[PDB]
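Asks: Please see the structure below; I have some questions.
So basically every Cβ, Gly included, is an ideal-geometry build from the backbone, and we count neighbours across all protein chains shown. Where a number appears in this text, it was derived from the coordinates with a stated rule and is not lab data.
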There are 2 protein chains.
Amino acid sequence: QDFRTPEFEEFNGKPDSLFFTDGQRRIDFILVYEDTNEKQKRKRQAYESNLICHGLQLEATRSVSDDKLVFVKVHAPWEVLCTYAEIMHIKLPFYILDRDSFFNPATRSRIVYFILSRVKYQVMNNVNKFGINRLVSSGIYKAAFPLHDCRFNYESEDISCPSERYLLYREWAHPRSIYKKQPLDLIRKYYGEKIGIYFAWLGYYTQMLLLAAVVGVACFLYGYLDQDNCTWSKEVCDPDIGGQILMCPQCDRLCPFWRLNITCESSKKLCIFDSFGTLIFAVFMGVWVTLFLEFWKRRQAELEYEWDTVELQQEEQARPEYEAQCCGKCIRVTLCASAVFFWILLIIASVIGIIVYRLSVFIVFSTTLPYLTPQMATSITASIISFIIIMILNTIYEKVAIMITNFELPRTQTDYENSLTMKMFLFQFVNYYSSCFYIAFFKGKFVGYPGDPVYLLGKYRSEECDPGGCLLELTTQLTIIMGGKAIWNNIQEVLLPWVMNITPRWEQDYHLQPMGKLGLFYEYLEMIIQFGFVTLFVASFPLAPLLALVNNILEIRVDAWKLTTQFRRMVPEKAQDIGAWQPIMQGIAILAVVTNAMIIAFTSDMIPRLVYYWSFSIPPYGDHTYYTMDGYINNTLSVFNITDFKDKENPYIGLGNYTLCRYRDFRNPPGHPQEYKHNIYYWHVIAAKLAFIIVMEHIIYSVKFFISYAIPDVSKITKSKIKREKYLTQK
Amino acid sequence: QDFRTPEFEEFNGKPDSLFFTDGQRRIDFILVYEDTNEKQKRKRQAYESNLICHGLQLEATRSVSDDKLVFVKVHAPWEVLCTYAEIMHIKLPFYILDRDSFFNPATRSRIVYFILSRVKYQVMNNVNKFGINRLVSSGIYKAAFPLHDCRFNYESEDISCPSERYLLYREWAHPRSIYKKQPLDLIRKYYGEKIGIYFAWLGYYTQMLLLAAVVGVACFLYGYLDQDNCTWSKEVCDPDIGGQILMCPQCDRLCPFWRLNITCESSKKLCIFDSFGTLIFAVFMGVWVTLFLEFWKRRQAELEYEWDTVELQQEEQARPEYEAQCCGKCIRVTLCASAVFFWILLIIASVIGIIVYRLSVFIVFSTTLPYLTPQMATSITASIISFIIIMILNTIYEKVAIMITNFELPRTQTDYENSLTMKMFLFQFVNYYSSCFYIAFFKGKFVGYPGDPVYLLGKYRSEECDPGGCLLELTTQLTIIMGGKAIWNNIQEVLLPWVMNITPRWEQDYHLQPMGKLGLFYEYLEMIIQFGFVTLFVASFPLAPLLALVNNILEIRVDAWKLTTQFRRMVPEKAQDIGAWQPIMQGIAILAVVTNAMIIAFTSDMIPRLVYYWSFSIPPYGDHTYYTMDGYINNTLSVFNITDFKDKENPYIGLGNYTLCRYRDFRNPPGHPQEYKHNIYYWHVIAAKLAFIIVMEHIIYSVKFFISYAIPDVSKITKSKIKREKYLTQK
Ligand SMILES: CCCCCCCCCC(=O)OC[C@@H](COP(=O)(O)OCC[N+](C)(C)C)OC(=O)CCCCCCCCC
Ligand SMILES: CCCCCCCCCC(=O)OC[C@@H](COP(=O)(O)OCC[N+](C)(C)C)OC(=O)CCCCCCCCC
């Protein structure tokens, strides 16, 4: 009730003062309020009473535009600065040249934020009810933000203070400054080591993506230049050889007998994407991943020394919702785990809907066709509809997961962000990569011969793949999803405000958007999901690091322009690493080695070509003299006489005027004793596929272990600097 | 020259005083010397001068038995105790009840050892030439040991001091106290947290080996009880079926045509060791390994809290050899790496000598035979000769590796122990497990059909395996090596001093053996090598954890009796973990998952039995009705008509009066078009083997990752104790 703030001067002489009316002390925080309201007014006055009794100097100012709002300028004198600096253990370099400039205003802002989080506001209905975040959650204060130095598109009128926001906008956040390196010490000094380590991680990720994109475009150029040497494509759309294959139908009855002449252009793309260049690129990408992780740990330790992020934390004060709300926690985490499991089953049901749509619209496209084949058109529209489902479901799960982790009770903001990180990454992982996993590993891998086809649930045959392989469909789906997400983000964040185009400093900072309690987390998530698209399916097509590099180069500058201009100034924090995203990245790495090996083995369909080249064109099995690839299509596809194993009994007879069809499997001809069991060539191919998985997995994992053992976790320059600062501190 | 020690009292009133002649101050160290000698005498007197000038109180005593030796009792007063306790940051619990008993004499001994390592002994030929270890390396002091409390087999005569060595011998080191648990706080308090963490690791290793041995003897009892249900053994030594197989010869000419009747007893053991019980045990042993590592990290963090081992280290003073001796370091480490690579190539040449011996003595045993077959006798004598070579080579490499790492120059004792650990573990690893790796993975796996056998170097055919499999020979080799090492250590350390069966305290402690600069390191190495025998080849036979448990139970007590009675009292040190042995153990774990999977797949020969049971006894391939195992031997072994592919041209004709032989491979009969290429059954078996490797490796590694994620790295009780001590220290 007593000890009100010093009353309003409201002079508004300079538009950007960043100082009190006496001009000798600097504003650190701004607290905004308005004026059943009498007890809240007593509450605010008691908070300011305990605030002045703690030692912070205060001032009021009524707003010149809207007289309901009152702005409270908060300054910390030097004494409480030294006491709470010794309390929270801030590392310092020494310079007593200016007491005001000894602490940069980021450090002053986090000191005043610690003081505002410690102050009790006298409400003892529940005893010891304290906090500034409780006041803005209760609504008696609207915000407790610090101030920006100046406008971004102008110069600070005060020549005393540095116009650091203008310098950061001119050198880092302008889109016509996209070529310059990020000034990382300015970003750290102005925004804290939680934002600075994010932008350092993003710049380093951009450099490693540049390396991977250079090697990927080299391998893709090798494939595109060596697309003429490929023999099986030239054989499959030779009209004499592939035109007379007469492939067996794919659906039950409503699909006609089709020839293998039609897939030529498809195979003319497919040899660019399943060649030896993609194998060399995936074997490179494993080593690139372990280089990425090891040099990230080196850069993280270098930032840990240089930005002194290991300073001692506080006791991690609980959330105001957890203080205001408080076997039960066990059934709560069980209920939220069952909810996220139910949502994962919903996205699996969406994938099954994509399968059923693929079958039905393939029948429709086949009957409406009389360039692009019906299979490629079916795959393209399926990928489009699928990606639209991905966008709808990830927005809906964003809202639902916010509500789910708000339903259960975490203790602090760290545990809240960790639980939200876990469930959000789990559904974003499954939601983005489940369709690609089904295309790569479970599409056409379980269908039988046309005499006894397999039925998944009855009346729906499992979808058959093209005789070249399902790698082109996986490439189409992956490119559609990744490019659609990149174009969606570059229309939402970049194109929208670009196509859209006196008062004091605190009033200008009020008319902005706060960053939120999560902050950079969502942005982090995008890159992590993008990381999986770089890493899990890199053998699908090698041009994914180039698209990721373009999206990352634009993402750095759109995050910079969002953070400098759009968002309010946040309280600077300390962070030694990115958080849970580094264990998530290591898990994605360890899984994606296996995923790349299984994409080259099962999906890419180059191991049958290698086995036919080395062991099946030889006089024990083939009529050729030496190792050669011609005659691959005629000796690969199995022959089927029309003898249904089975009650309709007419899948192919009603439209068939030819007695013999061919199909993509490795089984015996019908004249054989074991007429439709698996051939010796099938088991040769399967043994070679699993041997390739074992050899590539063990070689890549041993190389990654040896590289992680050979590269030190911290650089020699950083060890020398640590030794030098220890030796100078000891004296 | 000045400030000599206070002169000799030599009263020798009590045999165990552990106090000075005044009786108020406790002896902490004993420095022994004797008396071109004049400069060394001046050196010793200058060392004692700087010692008394630092503040330590000294006393001399001439020896009553041998008058050349002089014993110097070293006491630290309370002032220098507090100053150097604040210097080296010793954690304390508070009790000023006795100033002498505030620091236990282990802490007093390590304080006085720090002081003796800091003191400069005035020799400024090379400037600042300092250390106590330099004096005992130079020979002017013989030793600088602390004192034991009392005799082990008697009670201390002084009722003031606790007879802690007698209590430790009575409760921990006596072989008639083998059933009691180790008193770990007494071991830690008396011997430092370098010995205490070793014995805690050994006791915990014994408990986990007890668990693994219980499950292993359960699986072995399942195999031994279910040895009658096994069908292929009953078929192979049925005289009607296996007696008429007439297997094809193994060597070139001097091996006769042998029948498969002879292997019955061998197969009667082999079904005990390749059954489903060993597969279940290896799948269990992966989870047991990750449980071992996770609960070891939990116990290590619990000891880290309880024994405060994380206290701040000093600057890691260099070795006296490195101070006395000092592109060059690069060529030195290159030369020592080439030396250890040359020695590894020598042990590979010894393995090749074992191969050549196996072939030649199999010919000799086959010609001298007219129970045990010649193959089993050949394997047994080969394992005996091999194990003798292992013992000779590991002793010789122990001496050679000491000389090699003494040739190159490490800076400190930590780097010296790490380099010796690396090269010693590398050769002990290769030396112990190379013969077992060759038996499991490269024995009989590369031999062709008897028409075109393979020659490794010319005139020597690669050795063929028995049709049951090489798992019995691997079991024999593993049991011989492990039991021979255990019996060798229990004859050398245990049986030898057991079959072998006034003066002051410092004279009794002098007539002992010092522990050495390496200490427990060699003992550590044995358990680590034994750990590989528990882990890498556990699917060979499941009774290896039982033998390891017996050897570990005896090893705890022989290390206790060595350390309490035989060895001199060492200076207590601090250690947070075991050292390099924990990364070495994690590497052995990660390798041994793969090694167990490849032992079950390639060596165990149960995947051909499963494939014949499920897919080759069926009317597509077999004459049987349902899944059954009878007819495995007749339908498994390939048939060979005598048609040599090839200049001797008579390997089998000279002793052969039968036109048809059978051999252990999966190839076609001679009437086939592809007469001797690999069968469809071969590629089915190979694909099933590699699928088993992939499935078991990914399942075991995912289970190990999920268990390492599910179990916390530190216990909840230890977190509560850390919270409580932090909350009490904050007040
Ligand atoms: C861990 C993260 C991603 C896991 C993805 C699982 C991949 C599953 C692969 C699969 O379904 O293959 C099953 C069969 C069929 O072999 P394919 O060569 O696909 O036969 C169909 C191709 N063809 C129509 C031209 C004849 O192949 C086999 O019989 C070999 C089975 C080996 C499976 C190993 C999976 C690892 C499980 C932990
Ligand atoms: C990493 C630590 C330990 C590594 C140990 C390496 C193991 C090598 C296994 C091996 O040599 O097998 C080669 C062939 C032969 O298959 P087997 O079934 O052994 O044929 C001989 C058996 N038979 C006489 C009854 C007919 O089998 C194959 O063709 C499949 C080759 C797959 C090799 C995977 C090794 C991983 C290398 C990094």
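Asks: log10 I(q)/I(0), Debye, Cα-only region A:29-138, no solvent, q = 0.11, 0.13, 0.14, 0.15 Å⁻¹?
Replies: -0.41, -0.56, -0.64, -0.72
Asks: Right, here's the next one. PRE reach from residue B:315 (point 7 Å along Cα→Cβ): which of region A:690-731 fall under 16 Å by backbone N?
Replies: Under cut-off, by backbone N: A:720-731.
Asks: Work out the mean other chain Cβ neighbour count within 10 Å for the residues of B:689-696 and drop it here as an integer.
Replies: Counting other chains' Cβ atoms within 10 Å and averaging over B:689-696 gives 5.
Asks: Still on this structure, I have one more. To make sure I understand, if each residue's beta carbon is the centre and we count other beta carbons within 10 Å, what order do A:629, B:500 fall in, fewest to most?
Replies: B:500, A:629
Asks: Distances from residue A:673 to the same position in the other copies: list them in nm, one decimal, shortest first, using label points 7 Å from Cα along Cα→Cβ.
Replies: 1.4
Asks: So how strong a dipole does region A:481-575 carry about its Cα centre when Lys and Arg Cβ are +1 and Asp and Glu Cβ are -1, to the nearest 20 debye?
Replies: With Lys and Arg at +1 and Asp and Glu at -1, about 120 debye.
Asks: Among the listed pairs A:120/A:726; A:68/A:399; A:91/B:731; A:445/B:234; A:297/A:726, which are separated by more than 29 Å between their Cα atoms?
Replies: A:120/A:726; A:68/A:399; A:445/B:234
Asks: If you don't mind, another one. Quick one: if you stick a label point 7 Å off each Cα along the C-beta vector at residue B:92 and residue A:348, how many nm between them?
Replies: If labels sit at residue B:92 and residue A:348, their model points lie 6.3 nm apart.
Asks: Using a simple spin-label model with points 7 Å from Cα along the Cα→Cβ vector, what separation in nm is obtained for residue B:337 and residue B:368?
Replies: In this crude label model, residue B:337 to residue B:368 measures out at 4.7 nm.
Asks: Mind jotting down the distance between the C-alpha centroids of region B:443-466 and region A:272-287, whole Å?
Replies: For region A:272-287 versus region B:443-466, the Cα centre distance is 37 Å.
Asks: Can I ask one more? How would you rank B:368, B:414, A:309, going from fewest to most other Cβ atoms within 10 Å of each one's own Cβ?
Replies: Lowest to highest Cβ neighbour count: B:368, B:414, A:309.
Asks: Another question about this same structure. Counting C-alpha atoms alone, how compact is the protein assembly as shown: give Rg to one decimal and Dmax as a whole number, in angstrom.
Replies: Reported Rg and Dmax, both Å: 39.4, 122.
Asks: Excluding same-chain residues fewer than 8 positions from residue B:677, which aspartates and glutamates have a Cα within less than 17 Å of its Cα?
Replies: Excluding near neighbours in sequence, the set is A:623, B:452, B:644, B:665.
Asks: Now for a separate question. Grab the beta carbon distance between residue A:495 and residue A:79, set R0 = 60 Å, and tell me the FRET efficiency rounded to 0.05.
Replies: For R0 = 60 Å, the calculated efficiency reads 0.70.
Asks: Separation between the residue A:710 and residue B:414 pseudo-spin-labels, each 7 Å from Cα along Cα→Cβ, expressed in nm?
Replies: Here the modelled spin labels are 2.6 nm apart.
Asks: Now for a different question. I need the inter-copy label distances for residue B:62: point set 7 Å along Cα to C-beta, values in nm with one decimal, smallest first.
Replies: For residue B:62, the other copies' label points sit at 10.3 nm, shortest first.
Asks: Same structure again: In units of 2.2 N^0.38 Å, what is the alpha-carbon radius of gyration of region A:138-216?
Replies: That ratio works out to 1.43.
Asks: Could you give me the percent of Cα pairs per 5 Å distance bin for region A:30-73, shortest bin first, beginning at zero and ending with the bin that holds the maximum distance?
Replies: In order of increasing distance, the bins hold 6, 20, 26, 27, 15, 6, 1 percent.
Asks: Report, to two decimal places, the Cα Rg of region A:230-315 normalised by 2.2 N^0.38 Å (N = number of residues).
Replies: 2.21
Asks: Inter-copy label distances at residue B:13, 7 Å along the Cα→beta-carbon direction, one decimal in nm, shortest first?
Replies: 8.9
Asks: What is the Cα coordinate range of region A:614-681 on the first, second and third principal axes, sorted by size from largest, in whole angstrom?
Replies: Rounded to whole Å, the extents work out to 47, 23, 16 Å.
Asks: Stokes-Einstein D for chain B at 4 °C, 1.567 mPa s, Kirkwood Rh over Cα pairs, in µm²/s?
Replies: 43
Asks: Could you work out the percent of alpha carbon pairs in region B:437-527 separated by over 19 Å, rounded to a whole number?
Replies: So the pairs more than 19 Å apart make up 68 percent of the total in region B:437-527.
Asks: Please figure out what share of the DSSP beta bridges in chain B is antiparallel and state it in percent, rounded to the nearest 5.
Replies: 90
Asks: What ratio of Cα Rg to 2.2 N^0.38 Å holds for region A:95-186?
Replies: Normalised by 2.2 N^0.38 Å, the Cα Rg of region A:95-186 equals 1.51.
Asks: Here's another thing I want to ask about it. Taking neighbour Cβ counts within 10 Å as the exposure measure, how do B:82, A:230, B:330 sort from fewest upward?
Replies: Lowest to highest Cβ neighbour count: B:330, B:82, A:230.
Asks: Return the Rg/Rh ratio of region B:284-332 with Cα-based radii and a Kirkwood Rh.
Replies: Taking Rh as the inverse mean 1/r over Cα pairs, Rg/Rh reads 1.31.
Asks: Another question about this same structure. Treating only the Cα positions of region A:339-424 as identical point scatterers, give the base-10 log of I(q)/I(0) from the Debye formula at each q in 0.12, 0.13, 0.20 Å⁻¹.
Replies: -0.52, -0.57, -0.91
Asks: Across the residues of B:672-682, average count of Cβ atoms on other protein chains within 10 Å?
Replies: Average neighbour count from other chains, rounded to a whole number: 3.
Asks: Once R0 is set to 51 Å, what does the formula 1/(1 + (r/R0)^6) return for the Cβ-Cβ distance between residue A:562 and residue A:231, expressed as a FRET efficiency to the nearest 0.05?
Replies: Computed FRET efficiency for residue A:562 and residue A:231: 0.45.
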